[PDB]
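Protein chains in written order, with full-length UniProt numbering: chain A, 533 to 599; chain B, 769 to 820; chain C, 170 to 337; chain D, 6 to 375; chain E, 155 to 205. Built from N, CA and C at the ideal position, the CB exists for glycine as well. In what follows, a structure is listed as structure tokens, so that the remarks can point back to it.
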Ligand SMILES: [Zn+2]
């Protein structure tokens, strides 16, 4: 069992690396070039809940200002 | 701890203002006959043998 | 010479012992149901069903003895060492009103439950003893029945200044 | 000159008692080391304006403040009952100029807050203040008036959220009790829990009402050192600044968490107690650095002088210059406070567990539907 | 910090290219970011937290 497990894992290396270690710069892409994904919109909900809005219009994607 | 030896020696260093105020009492004048080997570990080892 | 206290009242008495002594909780002294009020309610309820004038007379004089003994007894053998501060504060606040108009059933039942050991030293006639004791039994039953209205619901925490004042 | 330094040349002349730990003499020591390090030019020195009864009744009760105004070491015998009601007389002794000292400290704090509001400064230093054990209606822990709370109220007139960071070895019981039911002030306190003075400060005290998850308590065991304190302090403060983003920070730079303290039981050094100040300065928020505990005057003076220099930006020398208090400093005459051995007791599992709990609490403010 | 349009347009496009894999392994990305962000050392130093 150990041998089979190790074999599978050590083949899935070289992809674990690419998809888990460059995972910090793709969020930067979908933040800079503002493309709406689920986690971006959840972060914007987080910022709204920090600022405590009530009934006015949401300003924009890059201009809620807890900067 | 060979590098920590030098770090602590640098830490205990006289202050010129204290020297000019005539209040600095050096600490080397309290040690007894210190051995002269190549390494601080060898000196401490000779001291251990002396205690033994 | 013994009484029949319901188990609900026993549980309530032990819970109040614990709350006042160990947990540092007191009772709001100005009560909405007064001691005099409860005494009058039970008196009216029993007389409205009593049978003969001799019984009416003995019950009336029993209730009178009860109220006068409460008013004369409360501040001597009815409070814990954690309530004497509150007692003197209440006496300073209302020095003209009286205890029968101030305190509540939470202490009237201490009086009732403790009555046996007092009638132990007292040695009046067995007829009077049994009349008074049956009256106390019926009163305890009436209170544990009407629990919802006579008894307090939550206790009150003593403030830090009060605790530093008592310190005992 | 964005650092406004508050110091009243009288603060050092008030005396607590025969052998009491708290000595306002440390402020005078700090100021002399400063004026002889020449920080007096890079700083901005303001002699504070004294508080008033109307200024202290904002957080304290009128009867309590009137008692503090009327008491005297002679009439104490006649004022005996109100003393035992107001906690003044056993470990918060009644001495000469009590009201004057309280006024000096509270005026320093309120002036710091007003400077941060008016914008003339971004860092405001007041060492005479920081009494964080005072409560709404009684003194406690060598403290009488909660200048921290008065300062927070003055900041909230212009700022929407305020953080208060206590690194004194005791719990910030007074400030926590003051702001326990509000979400506009978050109180993060690192302290030694167990058989220690305030008694309060469990990891579970997290607020009630609107201020649910706005008190953060980090309990710690005996003998924490620089690395352990860093590992518990940097994550928690970063997570706080992320989830509850404040516009102003009030840092209680209490130095009874140092090594060799008459009442503390920690093992921090000058570097471990200053990495905190550096981490908090690194966010470019307006901040009030207030004093606090600290009962060994040599360590206190040198550490606070170093922290003043670090906030001003200048890196002070390593040799103490000529001051009127030179003999106080030991057989080395250096600006440093070394640590001792005092075997640690905070295991990595303990620190990681308490940190994970605090992080979950802070996250629940924005997860966890309303 | 970058009021001018083309600077941040360039950073947008370059991060986009790195995501879409139309550029090399972080070499040209690091070079172009450190170039277009070279008058602001604080941001140049903060970009390293994403590498
Ligand atoms: Zn302290």
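Mind checking the segment 568-583 of chain A against chain D and listing, in chain order, the residues whose C-beta falls within less than 7 angstroms of any C-beta there?
If the cut-off is 7 angstroms between Cβ atoms, the segment 568-583 of chain A has 578, 581, 582 near chain D.
From residue 252(D) to residue 347(D), what does the alpha carbon distance come to, in whole angstroms?
As a working note, residue 252(D) is residue 247 in the fourth chain. As a working note, residue 347(D) is residue 342 in the fourth chain. Residue 252(D) and residue 347(D): Cα-Cα distance of roughly 38 angstroms.
Buried or exposed: which applies to residue 230(D), given that a residue is buried once 16 or more other Cβ atoms fall within 10 Å of its Cβ?
One-based indexing of the fourth chain puts residue 230(D) at position 225. Residue 230(D) should be labelled buried.
Would you call residue 258(D) buried or exposed, if buried means 16 or more other Cβ atoms sit within 10 Å of its Cβ?
Counted from its first residue, the fourth chain places residue 258(D) at position 253. By the Cβ neighbour-count rule, residue 258(D) is buried, with 16 or more other Cβ atoms within 10 Å of its own.
Let me confirm a value: residue 233(C) is counted as buried when at least 16 other C-beta atoms fall within 10 Å, else exposed. Which label applies?
Along the third chain, read from residue 1 onward, the residue named residue 233(C) stands at position 64. Looking at its Cβ environment, which holds fewer than 16 other Cβ atoms inside 10 Å, residue 233(C) is exposed.
Relative to ligand 1, is the shortest distance from any of its heavy atoms to the C-beta of residue 298(D) smaller than 7 angstroms?
Translated into positions along the fourth chain, residue 298(D) becomes position 293. Answer for residue 298(D): yes, Cβ within range of ligand 1.
Buried or exposed, going by whether 16 or more other CB atoms sit within 10 Å of the CB of residue 119(D)?
Numbered from 1 along the fourth chain, position 114 holds the residue referred to as residue 119(D). So residue 119(D) ends up on the buried side.
DSSP beta-bridge partners for residue 192(D)?
In the fourth chain, counting from the first residue as 1, residue 192(D) sits at position 187. Per DSSP, 169(D), 220(D).
Can you tell me whether residue 199(D) sits near ligand 1, meaning its C-beta is under 7 angstroms from at least one heavy atom of the ligand?
As a working note, residue 199(D) is residue 194 in the fourth chain. No, ligand 1 has no heavy atom inside 7 angstroms of this Cβ.
Helix or strand or just coil, what does DSSP make of residue 304(C)?
Translated into positions along the third chain, residue 304(C) becomes position 135. Collapsing the DSSP output to three states places residue 304(C) in a helix.
Where the segment 217-235 of chain D meets chain B: residues whose CB sits under 8 angstroms from a CB there
Result list empty, no residue passes.
How about residue 175(D): is its Cβ closer than 7 angstroms to a heavy atom in ligand 1?
Along the fourth chain, one-based indexing puts residue 175(D) at 170. Correct: residue 175(D) has its Cβ closer than 7 angstroms to ligand 1.
According to DSSP, what are the bridge partners of residue 253(D)?
Working through the fourth chain from its first residue, we reach residue 253(D) at position 248. Under DSSP, the beta-bridge partners assigned to residue 253(D) are 167(D).
Let me check you understand the geometry: is the CB of residue 179(D) closer than 7 angstroms to at least one non-hydrogen atom of ligand 1?
Within the fourth chain, numbered from 1, the residue matching residue 179(D) stands at position 174. Result no, Cβ not under 7 angstroms from ligand 1.
Which two residues bound the contiguous beta strand (DSSP E) that contains residue 295(D)?
Taking the fourth chain and counting its residues from 1, one reaches residue 295(D) at position 290. First-last of the beta strand (DSSP E) with residue 295(D): 292-295.
Answer yes if the segment 31-38 of chain D comes into contact with the segment 300-311 of chain D, meaning at least three C-beta pairs across the two stretches below 8 angstroms, and no otherwise.
Enough Cβ pairs lie closer than 8 angstroms, so yes.
Which stretch, first to last residue, makes up the alpha helix (DSSP H) that contains residue 189(C)?
If you number the third chain from 1, residue 189(C) lands on position 20. Element bounds for residue 189(C): 176-190.
Would you grab the beta carbon distance between residue 226(D) and residue 351(D) for me? Rounded to a whole angstrom, and I think it's under 8 angstroms.
Stepping through the fourth chain from its first residue, residue 226(D) is reached at position 221. Stepping through the fourth chain from its first residue, residue 351(D) is reached at position 346. Under the criterion of beta carbons closer than 8 angstroms, residue 226(D) and residue 351(D) qualify as touching, at roughly 5 angstroms.
Can you tell me the Cβ-Cβ gap for residue 292(D) and residue 128(D), rounded? I've got them flagged as a contact below 8 angstroms.
In the fourth chain, the residue the question calls residue 292(D) occupies position 287. In the fourth chain, the residue the question calls residue 128(D) occupies position 123. About 6 angstroms; that satisfies the 8 angstroms criterion.
What residues in its chain sit with their C-beta under 7 angstroms from that of residue 244(D), if we drop five residues either side in the sequence?
Locating residue 244(D) in the fourth chain gives position 239, where the first residue counts as 1. Excluding positions up to five away in sequence, the list reads 364, 367.
Beta-carbon spacing of residue 285(D), residue 256(D) below 8 angstroms
Within the fourth chain, numbered from 1, the residue matching residue 285(D) stands at position 280. Within the fourth chain, numbered from 1, the residue matching residue 256(D) stands at position 251. Yes, these two residues count as a Cβ contact at 8 angstroms.
Counting Cβ pairs, one atom from each stretch, are 3 or more of them under 8 angstroms apart for the segment 292-304 of chain C and the segment 793-812 of chain B?
The segment 292-304 of chain C, when compared against the segment 793-812 of chain B, does not touch it at the 8 angstroms Cβ threshold.
Would you please verify whether the beta carbon of residue 780(B) is less than 8 angstroms from any beta carbon of chain D?
Here residue 780(B) refers to the residue found at position 12 when the second chain is read from its first residue. Chain D contact via Cβ: present.
Cβ closer than 7 angstroms: which chain A residues qualify as neighbours of residue 371(D)?
Counting from 1 along the fourth chain, the entry for residue 371(D) is found at position 366. The answer, in chain order, is 578, 581.
Listed from N- to C-terminal order along the chain, which residues in the segment 80-108 of chain D have their beta-carbon within a distance smaller than 9 angstroms of any beta-carbon of chain C?
Along the segment 80-108 of chain D, going in chain order, the ones with a CB nearer than 9 angstroms to a CB of chain C are 86, 89, 90, 91, 92.
Please confirm whether residue 324(D) and residue 783(B) have their CB atoms less than 8 angstroms apart.
Sequence index remark: in the fourth chain, residue 324(D) carries index 319 (1-based). Sequence index remark: in the second chain, residue 783(B) carries index 15 (1-based). At the C-beta level, residue 324(D) and residue 783(B) come within 8 angstroms of one another.
Just to confirm the assignment: which complete alpha helix (DSSP H) runs, minimum length 4, are found wholly within the segment 238-295 of chain C?
Fully enclosed alpha helix (DSSP H) runs of 4 or longer: 253-262, 268-271, 274-290.
Nearest to residue 593(A) (by Cα), restricted to the options 534(A), 582(A), 559(A), 577(A):
Sequence index remark: in the first chain, residue 593(A) carries index 61 (1-based). Proximity to residue 593(A) across 534(A), 582(A), 559(A), 577(A) peaks at 577(A), based on C-alpha coordinates.
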